[PDB]
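Down below is the structure, laid out as C-alpha cells.
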Ligand SMILES: NC(=O)c1ccc[n+]([C@@H]2O[C@H](COP(=O)([O-])OP(=O)(O)OC[C@H]3O[C@@H](n4cnc5c(N)ncnc54)[C@H](OP(=O)(O)O)[C@@H]3O)[C@@H](O)[C@H]2O)c1
Ligand SMILES: COc1cccc(NC(=O)c2ccccc2OCc2c(C)noc2C)c1
C-alpha cells in the first residue's frame, strides 16, 4: 500500500517512527524495529539526530538475513541534521548515516528542519548563556547538495521536513531546480491537521508525511503537560467504539483517507502490531468531517527559543 512520488519512486503510506528519548536504551530500538518489520511495517523513519541509525540498520540487516524481507522491500528514511546545512557538509553527513546503518543507500533523505544551526559535530551547540547557536544558510544551496546525493545514487528520493509554504516555494521557484521535494514531513494530527499546507502540497504533488500523528511522546523537555492528550479526545474515543477500534487507529486512518502518509512510533510489541490494522477498516465521509472539526492549531513541539530563528516554520 504505497503512494507514487513525483520522482517515480513509491513510498508505503504507513511508516514506523523510531525516535525514543535518550533515556531509552539503544538496544530497544534494535528490538522494536525488528518487531515492526515482523508486524508488516516496511517504511522506517530514522535520522542522524535520533542516535539510533546503527540499531535500525542492524534490525533491517537481521530481517534480511533471516529471509523475512529484502532490501528492496524496505523504505528507509534518514534526515540531514541542521548542523550540516552548509552544502559541503551534506554528502559526508549522508555517507556517515549510511556507514552507521550499514546501508548502500537511503530510500529517502530529508532536510530535517529549515532552522540551520552552527556547523559541527555537536547536535545542540549552545553559547555561554545556554542558547542554541543559529547559523545562516541559503537552503537552496543545501537542496542543490541534496540533488547531487540523489544523482550519486546515495538517496533514491529527497524531500524536506518542517518546511512551511514560503520555504517550500523557495525550493520550487529555485532557478534550475532539478528535483522537487517528494515530501514534506511535518507535525500533523487531528489537533493540528495542516489542511492549508496539505492543499498546497497536493497542488504541487508533494506528499505530506505526518509525524506526532498519535499526539507525540509528550516529552517533558518540549511539551506542556497541560496540553490536551490527543488519544483521550472524546470524538476519537467515540469513533473507536463505533468501529470497534482504538483512538490511535482512528488517528492513523484519518490521515490515510485524506491523502497523508502517516508515521507511528511505538516501542510496545502489541501496539506496534495493532497499528498495522489501520488497513483493516474505513471511516465514513461523515467520520472524516467530525475529525476535521477537531483542529486546535496545537503543535506539541513548542519553543520560544526557536521562535527567534529566522527560519522558524510557525
Ligand atoms: N521530522 C521531525 O522533525 C520529526 C519530529 C518528531 C517525530 N518525527 C518522527 O515521527 C515519528 C512518530 O512521531 P512521535 O515521536 O511524536 O510519536 P507518535 O507517532 O505521535 O506516538 C505517540 C505515542 O503514542 C503511543 N502509541 C503508539 N501506538 C499506540 C497505540 N495503538 N495506542 C496507544 N498508544 C500508542 C506510543 O507510546 P508507546 O511507545 O508506549 O507505544 C507513542 O509514544 C517519530 O518517531 C519520528 O520518526 C519526526
Ligand atoms: C537541536 O535541537 C533542536 C533544534 C531545533 C528544533 C528541535 N526540535 C525538537 O526538539 C522537536 C522535538 C519534538 C518534536 C518535534 C521537534 O521539532 C520539530 C521541528 C520543527 C517544527 N522545526 O524543526 C524541527 C526539528 C530541536
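Just so it is clear, chain A uses Swiss-Prot numbers, and the residues here are 6-319, in order.
So how was this one determined? The header says X-ray crystallography, 2.1 Å.
Cβ atoms are placed via backbone N, Cα and C, with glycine included.
Copied over from Swiss-Prot, here are the features:
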BINDING   23-24, 50, 166-167, 190, 216-222, 270-272, 276-280  NADP(+) binding site
SITE      54  site 'Important for substrate specificity'
ACT_SITE  55  active site, proton donor
SITE      84  site 'Lowers pKa of active site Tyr'
BINDING   117  substrate binding site
SITE      227  site 'Involved in ligand recognition and product release'
SITE      306  site 'Involved in ligand recognition and product release'
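Taking 84, 219, 222, 306 as the recorded positions under consideration, the smallest Cα distance to the residue listed as 'active site, proton donor' is found for 84. Taken in sequence order, the recorded positions 219, 227, 306 that lie near ligand 2, meaning a CB under 6 Å from one of its atoms, are 227, 306. Residue pair residue 84 (site 'Lowers pKa of active site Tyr') / residue 117 (substrate binding site) shows a Cα separation of 5 Å. For ligand 1, there are no nearby recorded positions; that is, of 227, 278, 306, none has a C-beta under 6 Å from one of its atoms.
Listed in sequence order, 192, 217, 221, 227, 228 are the same-chain residues six or more apart from residue 306 (site 'Involved in ligand recognition and product release') with CB atoms under 8 A from its CB.
When the C-alpha distances from residue 54 (site 'Important for substrate specificity') to the binding-site residues 23, 222, 272 are tabulated, the minimum falls on 23. You'll find the Cα of residue 216 (NADP(+) binding site) roughly 12 Å from the Cα of residue 117 (substrate binding site). Between the CA atoms of residue 272 (NADP(+) binding site) and the residue listed as 'substrate binding site' there is a gap of 22 Å, rounded to the nearest whole number. Between the CA atoms of residue 166 (NADP(+) binding site) and residue 117 (substrate binding site) there is a gap of 5 Å, rounded to the nearest whole number. Most Cβ neighbours within 10 Å among the recorded positions 54, 219: this distinction goes to 219. Taking the Cα atom of each, residue 23 (NADP(+) binding site) and the residue listed as 'substrate binding site' are about 15 angstrom apart. For the pair residue 278 (NADP(+) binding site) and the residue listed as 'substrate binding site', the Cα-Cα distance reads 28 Å.
Note on residue 84 (site 'Lowers pKa of active site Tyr'): other Cβ atoms within 10 Å of its Cβ, all shown chains, come to 27.
Taking all protein chains in view, 19 other C-beta atoms sit within 10 angstroms of the C-beta of residue 272 (NADP(+) binding site).
Non-local contacts of residue 222 (NADP(+) binding site) by the CB criterion (under 8 A, 6+ apart in sequence, same chain) comprise 24, 25, 26, 228, 270.
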